[PDB]
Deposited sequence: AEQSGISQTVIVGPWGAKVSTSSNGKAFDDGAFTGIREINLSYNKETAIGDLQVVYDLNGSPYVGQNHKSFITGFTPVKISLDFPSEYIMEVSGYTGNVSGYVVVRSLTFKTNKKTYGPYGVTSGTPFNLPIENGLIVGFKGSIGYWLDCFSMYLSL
C-alpha cells in the first residue's frame, strides 16, 4: 500500500498449537469446495480447498498428514449462493501435542460436521459481515493449527 507491492488481508487465528510444516494458501475471492480428512480416535489429517478466483476454480495444494488411516470428507458448496457463516471445532491433546481435533462448517444452507473428535477446548468464529477467502496453518501428523483470511 505504502510499503511494498503486496496486497494485505485481515487474518484471524491461529487456533491450535504454537509448535509440523507450515502452509499458506493465501487469499482468493471465495470458496467452492473443501476437502478434509479425520480419524475419530485422533484429529484432522488433511485440508485441501478449491477456491474461487475471479469467477473460476482454483485448486489449492493438498495439505496432507504424514500418516495414514483417515476418513475423507468432501464439502461441495452451492457456490456462490452458499457460503460459510461460522467455523467451529475443538483443539486438544493427541500424543502430547495440541492439535485441531474437530471441525464444523455452518453455511446459510446447511451444517457440515462435526468431523472428528468433539473433545477438548472449543472455538468458534461466527461472521456477521464478510467472507472467508483463504486458509493457512501447519500440518505434520495432524493439523496443528490454522488461521483464516477474511474479506468483504
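Sequence order list of spans that the model leaves without C-alpha positions, deposited numbering: Coordinates drop out only over 20-24.
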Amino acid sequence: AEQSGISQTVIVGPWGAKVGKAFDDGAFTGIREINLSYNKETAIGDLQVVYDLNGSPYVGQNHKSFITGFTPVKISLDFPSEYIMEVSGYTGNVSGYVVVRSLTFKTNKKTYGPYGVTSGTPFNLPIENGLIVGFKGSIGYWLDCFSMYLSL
From here on, numbers count along this sequence of modelled residues.
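Mean C-alpha temperature factor, higher of 101-109 and 29-37: Of 29-37 and 101-109, the stretch with the higher C-alpha B-factor average is 101-109.
46-54 or 66-74, whichever carries the higher mean Cα B-factor: It is 66-74.
Which of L131, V12, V19, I139 ranks first by CA B-factor in the deposited coordinates: Of the options given, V19 has the highest CA B-factor in the PDB entry.
Third of chain Cα B-factors occupied by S151: It belongs to the lowest third of the chain when residues are ordered by C-alpha B-factor.
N124 - which third its CA temperature factor falls in, relative to the rest of the chain: Lowest third of the chain for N124's C-alpha B-factor.
Chain third (lowest, middle, highest) by recorded CA B-factor, residue given as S95: As the PDB entry reports it, the C-alpha B-factor of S95 lands in the highest third of its chain.
For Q61, the third of its chain into which the C-alpha B factor falls: Ranked within chain, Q61 CA B lands in the middle tercile.
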